[PDB]
Amino acid sequence: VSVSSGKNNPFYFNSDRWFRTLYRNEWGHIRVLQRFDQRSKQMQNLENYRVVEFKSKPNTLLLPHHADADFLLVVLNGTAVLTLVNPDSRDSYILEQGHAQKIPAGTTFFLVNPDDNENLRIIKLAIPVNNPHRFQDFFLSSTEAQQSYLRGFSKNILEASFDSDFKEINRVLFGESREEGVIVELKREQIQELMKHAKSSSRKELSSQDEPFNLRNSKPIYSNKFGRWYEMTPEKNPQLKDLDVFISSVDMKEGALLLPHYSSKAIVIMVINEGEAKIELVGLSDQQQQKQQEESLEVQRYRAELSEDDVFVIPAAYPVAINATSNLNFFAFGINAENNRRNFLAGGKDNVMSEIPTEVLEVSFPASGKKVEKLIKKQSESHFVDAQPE
Amino acid sequence: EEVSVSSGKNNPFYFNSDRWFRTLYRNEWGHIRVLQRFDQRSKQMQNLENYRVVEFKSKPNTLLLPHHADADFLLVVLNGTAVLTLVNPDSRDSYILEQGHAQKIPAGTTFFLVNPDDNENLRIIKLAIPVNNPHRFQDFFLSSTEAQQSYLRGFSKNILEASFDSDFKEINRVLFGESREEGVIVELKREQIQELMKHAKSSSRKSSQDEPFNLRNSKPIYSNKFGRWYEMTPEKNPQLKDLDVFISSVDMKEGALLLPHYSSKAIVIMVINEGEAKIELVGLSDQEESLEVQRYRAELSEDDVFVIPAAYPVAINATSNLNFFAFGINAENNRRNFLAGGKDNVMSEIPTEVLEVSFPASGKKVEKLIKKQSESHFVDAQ
Amino acid sequence: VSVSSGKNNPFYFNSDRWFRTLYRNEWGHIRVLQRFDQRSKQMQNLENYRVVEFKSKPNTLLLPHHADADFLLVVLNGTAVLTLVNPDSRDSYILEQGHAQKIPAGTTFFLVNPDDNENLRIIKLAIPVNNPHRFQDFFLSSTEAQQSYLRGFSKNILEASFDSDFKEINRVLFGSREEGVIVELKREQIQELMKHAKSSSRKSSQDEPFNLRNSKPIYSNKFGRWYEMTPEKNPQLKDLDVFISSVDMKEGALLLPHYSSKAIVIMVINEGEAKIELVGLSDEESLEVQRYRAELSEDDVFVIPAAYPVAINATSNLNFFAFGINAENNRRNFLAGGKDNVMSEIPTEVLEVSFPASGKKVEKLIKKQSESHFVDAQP
Ligand SMILES: [Ca+2]
Ligand SMILES: [Ca+2]
Ligand SMILES: [Ca+2]
Ligand SMILES: [Ca+2]
């Protein structure tokens, strides 16, 4: 009580405990995070959002498929070549680390990790269309791990559609063996035959509801010797505006502390790219269970040690702080993002406490307003400060 | 390797008209039926929970009495002709809606509907979006008949006397009836029908949120010897944009096959206007999971409803001349992806190198097969 | 003729029974109405809305805090100084009776009743962000009634954050602190907090408070007056898709039977008493007219589902306020009277078959009432 951690902290999603494997072989894997809403009523409004983590070895290819869900794809580490196959055309995009791209629901696509000696790590925000809680991947490919969805149609339908005998269709499309799974390893020669065509990093990508964007290609919103914060919002990008989601990429050096702060209205889903950190989230809980009886809220403390691939949810308005125990970088999706205001609770810049008039501070706290202000102005830095460990 | 097959009553996406419709009202002049809730039959249709489907049918020279509902309506005339009159607080507007024409009736709008034809029945399908309870709506009839009391009767005598500035005896005799019609659908004399056509606005030209529209009044998006597809999207109509819904009207001749395809993001609710057809919908099952392909099939007939979840491949074989209508939910920017033929075929956009590893045969042999069918959209079912 | 009244009327919320106390001391109280959706499926779409009532004595201050919910604040009685504290600025506004203002979710704010003698009464529509059904107030202050949320952080985090040893942090911020979240201030302190506040100006701002009565009433006669502001006239209202109504009625006046086409209405009695009659349908699908009646008094809340006919008889001079949810293009259809009467727009031939009497007779009855919207109804 008063201090929840582990399974007692519903906002912490340990990567080795809360991810479900959709597919996995020796060339990579796809895992989906368990539902947010099933763990806490305080995440009920994240019910139509799922998080997917993808990782593949060098020279790999995720076979063509589409899903009944909108995807906001982000490359955490490595390089990827995303190809959107449309009914009458196709577009390839080279997505370097930090780049993101929206993939409308039902868009057939495939992507490759063109790197010869580096893995590819991607995180995707998924918004299911048919059932708000779950989506399904439809693979067109026919492998030992799955049958092409085309096999879903009867012989008569297939023959008339392809204008050929089923024996042939079956031999060519369903089965000259076939691949093991949806993730296959290609040779350098196979890559260039279509990769060298893809579109590399664009200029000011944040201007097309179809072109990928790099939130790192912008002036950090916060930046000092302890950390830097890059962020792209609905106000800055079309794809983001449609999803009403903002994206953040935060770098923090060992021993840095991201000061206590809260987002006014955005619900934040963060993922550790690399590094380790200690996080503290502050919530409230009513100890009075008799509805028609006076409420009685007590401060609740939710903590966790975050590591690579871990996911943590910061409900809107909940104060939070992060102490980087090693060089760190985390990414975050801000849901209900439009006009979000990040309120810091210490330091110089963006400190909402410093905007409170002296007289109000005086009655709000034990000490005089003068003394409260003296304490407030003690910290010389803003946003990120020295965690002063040991 | 034979995929699992679910047919007829085992197919949650198929709604046989004689099994899944609940009668809201019926008499010798017509009937109103509401379809069973989508979300209750499958979690894969959970996002259709805010949508109800209503089928209305009435005999020649009939009138559906004035009423309003706590639901937005997208009314479509499948067969026959209708005169829809929207009564507002300060005015009224009558519109002639011929077969294929549609019109949105904002929630709470008092209205009445007439089948002005002397011989043809009127068949209508309506998409309903409830306001108070997301799952259901209620019709508030202002009329007083043997089948129902006016909602005005819900007020007390004193309130009514003060409101109408009349003794209750007069209010009662005039509006409640302490002779009244049998039900909410009545037969009018041919002479009365004409007495209500003088202000009926006939079909016009091309984009108002008030007046009705005709989706079949544009070049079909797909058209050939085997069939044609008419479609109006939210991008082409404000009423449709407000609802984020598109409407389709498809004609297919006997023996025609609507090629395997899927809608990228739209959830489709189709209804058979006339004719018969076989349909196959492809879904999937549930390391942790090995998504297996399932075939949801059914024999479709008049008035039947079938739901095609977004992104699920589907194909239709018309066994007799056929026409069906469809409502596309979550319509904005929907992309129809065909899986065969020489037009809109997403498979023909996949580079050979990818095909090479995506299927057993070589990329060369896959392309060969893909180009075999030179026809597009609709082909001979052979 | 089944009538569901008082305690059995799910749409009626007696203020003396359905409000839960969130905070209360000798200086004021904050109460939240129980959830609408748990009372009836007919109010299921009101599940993302909560109603809060606030009352405080003269010269009082509601301490700095924020909530994970959008608030649409309305001053029913008195005057308030609302100060919104942002990350890098603050804005203070004077809100007189009848004025309203939206407080975006998570905005830290404090509220003062600057009057030296009068109390302050406010009602707020709340739209929760994390749990659609409930929100929580995060008080930054440290009082006997609640500790600052800053105390939720570990000593090491607070020490590094403020660059001070915990001893001093604790004595300054946590620890003589006030008893509760509503405190009485000295007249001198109150004056300092109101002198720089922006007074009520003229005419449509994204942040500025607005007065729904600073416009011509949409309905007005000897017996009643109705002011209304729609999303089509104010950006804050447009963002919420909510309209706000404020109507005055003389004792004995009757607001004629009518219905809102698509808006779900949540009304709150400001002052006075009235008898309300709501008409529903208790459910082929043989529907039956259901009568929902109630005697309303100050602070009571009553919900009128969209499209449901309703009538209100004032039994004393009365004023009520109302929030209209799903407001865009709502059309209020009256069922009697000389204006906005939907019945008067139905053709004779249709009336002829819709009712027992002849069309001309029905029409005769319809035009009997010369008054519009409000009429005198005294027994
Ligand atoms: Ca003090
Ligand atoms: Ca006729
Ligand atoms: Ca092959
Ligand atoms: Ca009659």
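Backbone-built Cβ (ideal geometry, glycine too); neighbour counts: all protein chains shown. The numbers here are math on the coordinates, done by the rules we state, and not lab data.
Return the whole-Å distance between the Cα centroid of the range B:169-215 and the Cα centroid of the range C:155-177. Their Cα centres are 75 Å away from one another. Among the listed pairs A:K253/A:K371; C:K216/C:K339; A:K55/B:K364, those whose Cα-Cα separation exceeds 21 Å are A:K253/A:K371; A:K55/B:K364.
With the Cα gyration tensor of the range A:40-149 giving a ≥ b ≥ c as the square roots of its eigenvalues, does the rule (a/c under 1.5 for rounded; else a/b larger than b/c for prolate; else oblate) give rounded, prolate or oblate? Before the final figure, lay out the partial values.
Numbers: a/c = 1.71, a/b = 1.27, b/c = 1.35.
Oblate.
Other residues within the sphere of radius under 10 Å centred on the Cβ of B:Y14, judged by their own Cβ, net out at +2 (K and R +1, D and E -1).
Both radii come from the Cα set of chain B: Rg as radius of gyration, Rh as Kirkwood radius; their ratio Rg/Rh reads 1.04. With the convex hull constructed from alpha-carbon coordinates only, the range A:1-189 shows a mean projected area of 13.4 nm² over all directions. Look at the dipole of the range B:1-191 built from charges on Cβ: of B:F21, B:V174, B:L65, the Cα furthest out on the positive end belongs to B:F21.
Cα-Cα pairs above 17 Å in the range A:246-390: how many percent? Walk me through the intermediate numbers first.
Working: 6996 of 10440 pairs.
Here the tail beyond 17 Å accounts for 67 percent of pairs.
Each of C:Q97, C:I30, C:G6 was scored by the projection of its Cα onto the charge dipole of the range C:1-188, and the greatest displacement toward the positive side belongs to C:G6; charges sit on the C-beta of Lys, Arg, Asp and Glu. The ranking of A:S148, A:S364 from fewest to most other beta carbons within 10 Å of each one's beta carbon is A:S148, A:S364. Diffusion coefficient of the range B:118-162 by Stokes-Einstein, Kirkwood radius over Cα pairs, 20 °C, 1.002 mPa s: 152 µm²/s.
Find the eigenvalues of the gyration tensor of the Cα atoms of the range B:268-316, then list the square roots of 5 times those eigenvalues as equivalent ellipsoid semi-axes, largest first, in whole angstrom.
The equivalent ellipsoid of the range B:268-316 has semi-axes of 26, 10, 7 Å.
Charges only on Cβ, +1 for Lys and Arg, -1 for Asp and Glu: so what's the dipole of the protein assembly as shown about the Cα centre, in debye to the nearest 20? Please report the intermediate quantities before stating the final value.
On the way: 139 positive and 159 negative charges, 183 e Å.
The dipole of the protein assembly as shown has a size of about 880 debye.
Could you give log10 I(q)/I(0) at q = 0.13, 0.17, 0.20 Å⁻¹ for the range B:121-248, computed by the Debye formula over C-alpha point scatterers of equal weight, without solvent? The Cα Debye sum returns log10 ratios of -0.91, -1.13, -1.20.
Which entries in the list C:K124/C:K195; C:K102/C:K186; C:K7/C:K275 go over 18 Å, if you measure between the two C-alpha atoms of each? Pairs exceeding the cut-off: C:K124/C:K195; C:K102/C:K186. Pairwise Cα distances in the range C:314-379 exceed 17 Å in 58 percent of cases. Projecting the Cα positions of A:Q44, C:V353, B:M252 onto the charge dipole of the protein assembly as shown (unit charges on Cβ atoms of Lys, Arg, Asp and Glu, taken about the Cα centre) puts C:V353 furthest along the positive direction. Counts of other chain beta carbons within 10 angstrom of each beta carbon in peptide C:251-259 average 3. Going from the residue with the fewest nearby Cβ atoms within 10 Å to the one with the most, C:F166, A:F109 rank C:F166, A:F109.
Send over the semi-axes of the range C:180-283's equivalent ellipsoid, whole angstrom and largest first, taken as the square roots of 5 times the C-alpha gyration tensor eigenvalues. Please list the in-between numbers first.
Values: eigenvalues 217, 76, 55 Å².
Semi-axes (√(5λ), whole Å): 33, 20, 17.
Give the shape of the range B:1-102 as rounded, prolate or oblate, defined through the alpha-carbon gyration tensor: a ≥ b ≥ c are the square roots of its eigenvalues, a/c under 1.5 means rounded, and otherwise the shape is prolate if a/b is larger than b/c and oblate if not. The shape class here is prolate.
The calculated P(r) of the protein assembly as shown, using every Cα pair and 20 Å bins from 0, goes 11, 35, 35, 17, 1 in percent. Here the contact order of the range B:316-382, divided by its residue count and restricted to Cα pairs under 8 Å and six or more residues apart, works out to 29 percent.
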